[PDB]
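Scroll down for the structure; my scribbles are underneath it.
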Amino acid sequence: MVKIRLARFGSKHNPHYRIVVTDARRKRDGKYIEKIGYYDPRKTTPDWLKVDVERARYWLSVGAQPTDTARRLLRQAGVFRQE
Amino acid sequence: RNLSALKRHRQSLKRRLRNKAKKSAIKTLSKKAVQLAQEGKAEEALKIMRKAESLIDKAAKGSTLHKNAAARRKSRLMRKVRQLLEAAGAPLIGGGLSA
Amino acid sequence: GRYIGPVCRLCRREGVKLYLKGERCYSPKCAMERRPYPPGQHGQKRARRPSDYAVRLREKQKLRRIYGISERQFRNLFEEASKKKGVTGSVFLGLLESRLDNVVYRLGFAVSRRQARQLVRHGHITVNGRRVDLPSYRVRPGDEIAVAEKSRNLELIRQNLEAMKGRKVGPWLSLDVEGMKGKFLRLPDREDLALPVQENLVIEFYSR
Amino acid sequence: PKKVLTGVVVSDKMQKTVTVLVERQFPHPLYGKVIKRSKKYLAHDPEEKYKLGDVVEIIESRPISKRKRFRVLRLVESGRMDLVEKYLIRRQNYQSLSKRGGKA
RNA sequence: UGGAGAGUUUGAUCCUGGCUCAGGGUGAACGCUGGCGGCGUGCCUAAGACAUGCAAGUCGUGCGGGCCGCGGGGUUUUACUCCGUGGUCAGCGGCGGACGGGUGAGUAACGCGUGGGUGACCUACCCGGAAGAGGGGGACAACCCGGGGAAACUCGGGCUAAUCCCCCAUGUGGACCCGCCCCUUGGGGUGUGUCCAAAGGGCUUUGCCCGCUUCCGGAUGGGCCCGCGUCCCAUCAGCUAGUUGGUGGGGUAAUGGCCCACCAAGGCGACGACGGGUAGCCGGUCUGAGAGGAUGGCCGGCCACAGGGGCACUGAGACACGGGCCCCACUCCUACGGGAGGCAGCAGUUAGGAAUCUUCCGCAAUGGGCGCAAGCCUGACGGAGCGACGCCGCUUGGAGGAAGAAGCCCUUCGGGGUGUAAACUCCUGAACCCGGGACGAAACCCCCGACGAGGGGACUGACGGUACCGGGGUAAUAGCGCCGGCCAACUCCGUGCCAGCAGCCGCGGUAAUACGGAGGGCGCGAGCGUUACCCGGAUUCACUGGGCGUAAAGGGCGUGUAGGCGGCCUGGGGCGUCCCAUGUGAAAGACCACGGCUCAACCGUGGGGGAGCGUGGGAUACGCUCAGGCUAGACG
Ligand SMILES: [Mg+2]
Ligand SMILES: [Mg+2]
Ligand SMILES: [Mg+2]
Ligand SMILES: [Mg+2]
Ligand SMILES: [Mg+2]
Ligand SMILES: [Mg+2]
Ligand SMILES: [Mg+2]
Ligand SMILES: [Mg+2]
Ligand SMILES: [Mg+2]
Ligand SMILES: [Mg+2]
Ligand SMILES: [Mg+2]
Ligand SMILES: [Mg+2]
Ligand SMILES: [Mg+2]
Ligand SMILES: [Mg+2]
Ligand SMILES: [Mg+2]
Ligand SMILES: [Mg+2]
Ligand SMILES: [Mg+2]
Ligand SMILES: [Mg+2]
Ligand SMILES: [Mg+2]
Ligand SMILES: [Mg+2]
Ligand SMILES: [Mg+2]
Ligand SMILES: [Mg+2]
Ligand SMILES: [Mg+2]
Ligand SMILES: [Mg+2]
Ligand SMILES: [Mg+2]
Ligand SMILES: [Mg+2]
Ligand SMILES: [Mg+2]
Ligand SMILES: [Mg+2]
Ligand SMILES: [Mg+2]
Ligand SMILES: [Mg+2]
Ligand SMILES: [Mg+2]
Ligand SMILES: [Mg+2]
Ligand SMILES: [Mg+2]
Ligand SMILES: [Mg+2]
Ligand SMILES: [Mg+2]
Ligand SMILES: [Mg+2]
Ligand SMILES: [Mg+2]
Ligand SMILES: [Mg+2]
Ligand SMILES: [Mg+2]
Ligand SMILES: [Mg+2]
Ligand SMILES: [Mg+2]
Ligand SMILES: [Mg+2]
Ligand SMILES: [Mg+2]
Ligand SMILES: [Mg+2]
Ligand SMILES: [Mg+2]
Ligand SMILES: [Mg+2]
Ligand SMILES: [Mg+2]
Ligand SMILES: [Mg+2]
Ligand SMILES: [Mg+2]
Ligand SMILES: [Mg+2]
Ligand SMILES: [Zn+2]
């Protein structure tokens, strides 16, 4: 089942995740299908969360299934805001 | 020791004995139908052919055959029967076959 | 760690006068003023024509001992300078000249480069506010390099920035003796520097 | 795109199958000089429609037999053993350069 | 934006040519030496053998029970029995156990790479759409009873639930035979015939949640097929009989000799078949001016394996590392009948070895499985530990301080050197002490709102009391190699072709800058040096970029097969070749910029380039090809 989750890419004590689309069965750091955002947990810089909701909205439209955290971030990025 | 998913092997055996049987019925009846079409016995041959069709479609109902396998069976069966009957110079007497 | 050990002897070996100290390497002392010849037993015997190697060797040694930086660091810097756009020779000098310790030495906060190093090490120096204690830190154009508020009362720093009243500063620098601030205007060029060095020779030394 | 190939039928000794000798040129990866090189494909011929010497086109196809993965698409130019001739002679030289020897 | 050469054949010279050295590199090892931190990295040998613990489960919202207990009923008492509830245990059932983790034995192969094909296919869970769930029947565990075994374990009888299994119906639809239509390998449609559905559970209970059935579509993952590419030996030259093709059949999700029966007699090979040797392949990596050479370790992708060999079962998926069966070897238990194991998972032991770590902490974060959820499992993972093993950063101090101490060394005995070095004065102040103390963590969940959007609230960190911040504060590790030339750095003494040095030339037989020490010196520095191996220098396998009269090298000569090469003019094609557009060329790494950690190492974001291959379009000089013509080559 394809998902939208976080992949570890920082470095020891310097975590940085890539919001990603990948089959649930892949390693968490293995070959994903598509990168669709990035996230710096520690906000070391102003731009610590980008998301490209256009694509998110797409994967979700095709059965992508976000992690509880992936969704939290996708949400924060307005991926679900309908207004 | 003892990894309780020993239950899995337990189940597998039962499932095996289950499919094992359904497939025998299938084979048997198929032959039966084929053998008859061969004889030229129209009615009965076709009649049996229907059970065969039925059990096949039914085996595909659960996971003993499913889809294609069953489709392949049905075609090869109706195939042989049709041919054997025609060759025998026998008129399809009702039941089965979209003749 | 960095060299350590008699310095006004490297001056002697290198021939040229390196200023590895402050006030003294100006007094009528810095050995080059007394015995301007290499150290050791044979320092005074005739010198044989140096080999192309010796030539290139010494030149590097000289340029390098001036900034009292190791061979490891010195080399890496060189390779960087070598890789960038623009005349390696100049560029290399620019990078060495951008070391924090050097700039602090250039602004007069310290009498010598060594002293500058120790100032930075003991957090007496600041870069754009935040304090930095890495003698190898690379100052970029625009950075303000001041003395520590806390340290602004250190006799030494007083004595030094005092003698700075009057003294001019490199055209790539600007000093505010007032608030003990200094500013890195731009990367010095080869024309700005007056090192007793033949950069062409150093570049060649690494060619081999 | 199912690959399409052009060669000569160097053998119609089989049932519904013809051997097509496809040739191809190309620069040597290191020496650069252009070098010829060839290969034989066993193309399917359902209607025994192709004879020895035809220059046919072979089309990539769904497996027909082990060894058969191409079908004769269309004839390009009939008869011309000048090509088949080459092939056969090349073959004839073989039975020779083994324990004793070949020809000239 | 890129390219150094030197020593050595001689009495000397020039050439040829091999050897040797300076450089870079490493999963290193050994020697001497060793202070701090960050990041990375660490059995290369026995894919040897393994103690012990841990490492895959989860659902009471699918089902019925056993055991232990509490409460309330029907009982006048007793016997007997009904309901509720706590704990506990499996069992039935489901989804997961095919992922994740390990390793590289095997494999020279559609294994891998790259580009394509599938009208020859599959895909649990997830998403969109269409339609549906009516009635009835059964069984087996658990449990109860009896038997056999040392144990492992097993046999028989009886009862029972379900989302367990079966039958009938409904047929939206779908499957099969046949026909017809459109498409064109088995694609899509349509008609008659036959055939095939489902299961329930939870409630804030006439509705909402979780789930179930058939079908179409999507998404993801995958099978199979094809072109091209992929080491050494021809002292391996012929190989093949399921072998090559055909017809029919089996088998599969599906093509196919994959398998079988019959038929045909084919298929492959010097463009190197067959055989032998070696080896997981790749992104990459190291080196190199490049072309190339070498390599595949960390990380990512694919393959293969799970003590050795074979086999299938169950499943959407396995021929299934921690599932099953058989054979083999080895180990353990046994009352000798018969049983039990498989660390190439984490850590660890032992063996081999020059050599490769903790039986650590945590599930807080990221990811995964099950669950409505709370939550449970997770040696995956995030961390910490050990090793200068690597890389980056940092300290052992800073300024002053004699025409110059002492000691040691040299001397032409005048003096010279170690040396501003020290002593010494002043200055700063790593260590270390005290105080504060974190980002990483906001979701799941609760409430408002429609269980949506949105808004509010609550719980939670192993690392760590660590980082970082503030106050206080001590002058506070230096070693290793080398000094004849290559090659930077010279003297005294000892020794006497000895003892020894040695990468090459060579040095030592009483004046040794070459041996050993000392003084001095050069190089690099928590490192330095050695040994090993790769690339370089080596245009010394020469494509870039070499040669063969006498240096190694022309075949003893010819005839001639394959093959390589091909005069002049015109035309057609447009295969080579050239051009444009387009698809592909993952991520990582590499190049550039900006940015995060005080710098850097390391890491984040963005940008740029990129061979090769697919498709579309175009050009035609040259090579090609076809057709025509010529006479200068050739032949008569
Ligand atoms: Mg279970
Ligand atoms: Mg440059
Ligand atoms: Mg000589
Ligand atoms: Mg000579
Ligand atoms: Mg030579
Ligand atoms: Mg109970
Ligand atoms: Mg499963
Ligand atoms: Mg082989
Ligand atoms: Mg291949
Ligand atoms: Mg499943
Ligand atoms: Mg019974
Ligand atoms: Mg069922
Ligand atoms: Mg209908
Ligand atoms: Mg029915
Ligand atoms: Mg075969
Ligand atoms: Mg060939
Ligand atoms: Mg191997
Ligand atoms: Mg080269
Ligand atoms: Mg080339
Ligand atoms: Mg399955
Ligand atoms: Mg399965
Ligand atoms: Mg299963
Ligand atoms: Mg299944
Ligand atoms: Mg299973
Ligand atoms: Mg399954
Ligand atoms: Mg399943
Ligand atoms: Mg399953
Ligand atoms: Mg099955
Ligand atoms: Mg299933
Ligand atoms: Mg398993
Ligand atoms: Mg195991
Ligand atoms: Mg966890
Ligand atoms: Mg989780
Ligand atoms: Mg001093
Ligand atoms: Mg010298
Ligand atoms: Mg002796
Ligand atoms: Mg002597
Ligand atoms: Mg020597
Ligand atoms: Mg000596
Ligand atoms: Mg260092
Ligand atoms: Mg070469
Ligand atoms: Mg050449
Ligand atoms: Mg030569
Ligand atoms: Mg000769
Ligand atoms: Mg001759
Ligand atoms: Mg010829
Ligand atoms: Mg020509
Ligand atoms: Mg063309
Ligand atoms: Mg392209
Ligand atoms: Mg920065
Ligand atoms: Zn001086």
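Residue numbers (the working numbering), protein chains in the order written: chain A, -5 to 77; chain B, 1015 to 1113; chain C, 114 to 321; chain D, 79 to 182.
Cβ atoms here follow ideal geometry from the backbone N, Cα and C, with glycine treated the same way.
Would you say residue i and residue j are within 8 Å of each other, going by their C-beta atoms?
i, j, result
"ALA1073/B", "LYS1028/B", "no"
"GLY181/C", "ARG115/C", "yes"
"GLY202/C", "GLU312/C", "yes"
"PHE297/C", "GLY255/C", "yes"
"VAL133/D", "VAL150/D", "no"
"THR16/A", "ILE27/A", "yes"
"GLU262/C", "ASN241/C", "no"
"residue 1122/B", "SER1089/B", "This structure does not reach residue 1122/B, given that chain B is present from 1015 up to 1113, and the question cannot be answered."
"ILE142/D", "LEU83/D", "no"
"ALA223/C", "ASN266/C", "no"
"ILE117/C", "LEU308/C", "no"
"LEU209/C", "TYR250/C", "no"
"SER139/D", "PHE148/D", "yes"
"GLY135/C", "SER225/C", "yes"
"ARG177/C", "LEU314/C", "no"
"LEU1091/B", "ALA1047/B", "yes"
Determine the burial state of residue i: buried for a count of at least 16 other Cβ atoms within 10 Å of its Cβ, exposed for fewer.
i, result
"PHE187/C", "buried"
"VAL56/A", "exposed"
"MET293/C", "buried"
"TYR11/A", "buried"
"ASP123/D", "buried"
"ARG1087/B", "buried"
"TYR218/C", "buried"
"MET92/D", "exposed"
"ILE270/C", "buried"
"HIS1080/B", "exposed"
"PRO60/A", "buried"
Between the Cα of residue i and the Cα atoms of the options, which residue gives the shortest distance?
i, options, result
"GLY156/C", "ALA144/C, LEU308/C, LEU300/C", "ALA144/C"
"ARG102/D", "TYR109/D, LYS91/D, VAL86/D, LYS94/D", "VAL86/D"
"residue 969/B", "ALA1084/B, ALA1085/B, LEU1050/B", "Limits of chain B in this structure are 1015 at one end and 1113 at the other, which puts residue 969/B out of reach."
"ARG1032/B", "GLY1110/B, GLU1053/B, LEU1111/B, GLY1076/B", "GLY1076/B"
"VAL88/D", "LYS181/D, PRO105/D, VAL162/D, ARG158/D", "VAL162/D"
"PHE318/C", "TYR166/C, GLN228/C, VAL216/C", "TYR166/C"
"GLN1052/B", "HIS1023/B, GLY1103/B, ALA1113/B, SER1112/B", "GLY1103/B"
Please work out which residues of its chain come closer than 7 Å, Cβ to Cβ, to residue i, disregarding the five sequence neighbours upstream and downstream, and give them in chain order.
i, result
"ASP305/C", "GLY283, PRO284, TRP285"
"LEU288/C", "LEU220, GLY221, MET277, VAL282, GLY295"
"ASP302/C", "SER203"
"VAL290/C", "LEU274, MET277, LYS278"
Can you name, in chain order, every residue of its own chain whose Cβ lies under 8 Å from the Cβ of residue i, other than the five neighbours on each side?
i, result
"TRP53/A", "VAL(-4), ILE(-2), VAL15, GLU28, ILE30"
"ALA1039/B", "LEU1069"
To which residues of the same chain is residue i closer than 6 Å at the C-beta, ignoring the five residues directly before and after it?
i, result
"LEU300/C", "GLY207"
"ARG49/A", "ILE30"
Check whether the segment 81 to 101 of chain D touches the segment 123 to 138 of chain D, counting contact only when three or more Cβ pairs, one atom from each stretch, lie closer than 8 Å. The segment 81 to 101 of chain D is in contact with the segment 123 to 138 of chain D.
Between the segment 116 to 130 of chain C and the segment 1071 to 1085 of chain B, can you find at least three pairs of beta-carbon atoms closer than 8 Å? no
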